[PDB]
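For reference, the structure discussed in these notes is given below.
Whatever order the structure lists ligands and atoms in, that order sets their numbers, starting from 1. The figures that follow rest on heavy atoms only: side chains count, while hydrogens, waters and symmetry mates do not. Protein chains get the first letters and strands the later ones, always in sequence-line order, with residue 1 at the start of each.
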Amino acid sequence: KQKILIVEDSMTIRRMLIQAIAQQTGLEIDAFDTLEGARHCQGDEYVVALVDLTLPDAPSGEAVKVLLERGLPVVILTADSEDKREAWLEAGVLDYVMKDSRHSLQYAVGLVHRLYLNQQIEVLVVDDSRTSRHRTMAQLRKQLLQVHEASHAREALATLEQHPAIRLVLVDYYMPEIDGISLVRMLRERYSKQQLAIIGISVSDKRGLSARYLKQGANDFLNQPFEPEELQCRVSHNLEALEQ
Amino acid sequence: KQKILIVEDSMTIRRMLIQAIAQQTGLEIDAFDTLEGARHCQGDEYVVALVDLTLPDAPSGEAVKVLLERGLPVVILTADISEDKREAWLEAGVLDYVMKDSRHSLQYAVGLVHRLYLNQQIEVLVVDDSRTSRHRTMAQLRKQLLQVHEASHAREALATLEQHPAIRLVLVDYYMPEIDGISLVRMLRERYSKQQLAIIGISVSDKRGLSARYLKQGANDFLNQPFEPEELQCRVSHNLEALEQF
Ligand SMILES: [Mg+2]
Ligand SMILES: [Mg+2]
Ligand SMILES: [Mg+2]
Ligand SMILES: [Mg+2]
């Protein structure tokens, strides 16, 4: 999919977003001031929809559910707490962008650019805890990535053999048989930081596990527990490095 | 300075380091197999020295202190590591260490020396209302060879930025009196884009979701407290590289 949908009645905000996404990404953008204007907009043609909660024909966020049910991923554009972040995210919204300033709005621009590029990117999560593994996988799937799953380094190695397009691996630190630092060592014996990006999952409650990952050639670290925003920052930056 | 010193008696390891650093950086290299070979070497000519602990004329790490005392910053080359060694080396004033147990671990030294060279001409700002954590972070950044400015509150940070427009990276403490970190980030981003001024938002991570708030407000990155020096170094290097390359 190559297009972005914007549903936002503010002329100023809609124009800011169109200009910025056009300049920075070159992606095709369809923008409407009402939910009704977007009635022909389908999941199969759009990467994501940036959706205002205050629409003239949907003034209390009704456009979110409508577009999600048509198969369009949704990012909410919002002016204003822990209860909203939760409720909308539980409803399956990918993310929210604050629209109280031009610079907060700019978050959406990098976001849609990343979502578009992620569609064709394969990543791998290696983690022996089903609970941590599935949480991370769900979060990466809301970044529109193709996500492979491994419960064990042995599985991860086999998955990499089978799927050479995988370009980023997230590696848990303690696992049966072959721990994370050992897996990083194995991978770096074969693959450079440009051929295969590795983010070591660590804890800052420790004798420098992050340092050990980096000294073995991991591109970066991410400390557990992490929030989706943190995961997105760290994954995006590493994917962007591979593209440059 | 644009030269590095390597003192390493392993023919294999020394040659791997020379080849990689020569191919992947702009640094001139002087490399010797004994501490004596480096007798002429002066702190003012070299960015950093990569120093083996097992040298023929310094078989138990003696070259570290000798070279530090000559004013050369020192990164240790080590085949193994423990928590006691890391602590001892950092107390002694070593910048960092490089594992030399494989070819791919040596690669760490290459990215490091390239970064240490570039950092000499880069100005950064630490904003933190506690002198203790502020000075610790400043000391860690000064061991990355950065030019480090300090500010004890948002008001001073702004004044400093006005007075020093070359500052390209700001590290921001959230909890400060009068104007908190996120408020400072909002002010900065009303004037400066992510490419004009990188910001790493520092937070304790709890129910307030501070990292996310920083990110949504335009910070380039986050770093949660407590953090280790290597974590700080990694984040700073990544943000500096993004400014140069993205
Ligand atoms: Mg509206
Ligand atoms: Mg585990
Ligand atoms: Mg030796
Ligand atoms: Mg404070």
Side chain of B:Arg14, backbone of B:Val7: donor and acceptor closer than 3.5 Å?
no
For the backbone of B:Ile199 and the side chain of B:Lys194, can you confirm whether one donor and one acceptor N or O come within less than 3.5 Å of each other?
no
Point-to-point distance, once rounded to the nearest 0.5 Å, from CD of A:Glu8 to CG of A:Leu55:
7.0 Å
Using the six-membered ring wherever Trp is involved, compare the ring planes of B:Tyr214 and B:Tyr174 and label them parallel, tilted or perpendicular (cut-offs 30° and 60°).
perpendicular
With rounding to the nearest 0.5 Å, note down the distance linking CG in B:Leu5 to CD in B:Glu45.
10.0 Å
Excluding waters, which protein N, O or S atoms are within less than 2.8 Å of the Mg ion (ligand 1)?
A:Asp9 OD1, A:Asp52 OD2, A:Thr54 O, A:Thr54 OG1
Is it true that B:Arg186 and A:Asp100 have a side-chain N and a carboxylate O under 4.0 angstrom from each other?
no
Just to verify, which of B:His114, B:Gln19, B:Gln107 counts as forming a side chain to side chain donor-acceptor pair (under 3.5 Å) with B:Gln24?
B:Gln107
So, do B:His40 and B:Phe32 have ring centers that fall under 6.0 Å from each other?
yes
Among the protein atoms near the Mg ion (ligand 4), how many are N, O or S and lie under 2.8 Å away?
3
Assess the pair A:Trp88 and A:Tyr96: is the distance between their ring centroids shorter than 6.0 Å?
no
